[PDB]
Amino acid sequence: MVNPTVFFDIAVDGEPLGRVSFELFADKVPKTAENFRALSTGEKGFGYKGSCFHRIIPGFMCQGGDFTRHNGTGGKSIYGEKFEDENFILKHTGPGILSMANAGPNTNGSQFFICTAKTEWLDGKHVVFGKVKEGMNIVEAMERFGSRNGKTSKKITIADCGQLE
């Protein structure tokens, strides 16, 4: 098995910005990796394409994936509304880490976050499942549209997404 690679093509108020790719750690967290992959291709009939990064805190993280309520209160996984914390093997070691957002134990859906700082206090409570492969520069440019309270000054969208070879 080769870990899958996913891409997001990011736009800022509709204007193309660049591409972020991610390695997904299917070898360590296959069930969590597979949910992100499938949401990124849209093969179940729903997913991330056209969704927004609704909360961006510079020096912390970029959060996205709420395609049902567009604001951090929604989303769903490919396995149902919620699924369990698969494992906490991987840690939040620094910028570029891809990890699941949640609302308590065993409440993973579709929302995720990209770290822009080390976030060690999240270790053992959010499932880490991937990392930025290319385009950390693009993540840094997104990040400049965020604010201390998370609200973005321009709309940051996933204009397109899918799986790379």
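Note that residue numbering begins at 1 and tracks the sequence as displayed.
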| item | value |
| --- | --- |
| 122-130 set against 37-45, stretch whose average Cα temperature factor tops the other in the entry | 37-45 |
| Residue stretch of maximal mean CA temperature factor, 106-114 vs 23-31 | 23-31 |
| Chain-wide C-alpha B factor ranking for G18, given as lowest, middle or highest third | middle |
| For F88, the third of its chain into which the C-alpha B factor falls | middle |
| For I158, the third of its chain into which the C-alpha B factor falls | lowest |
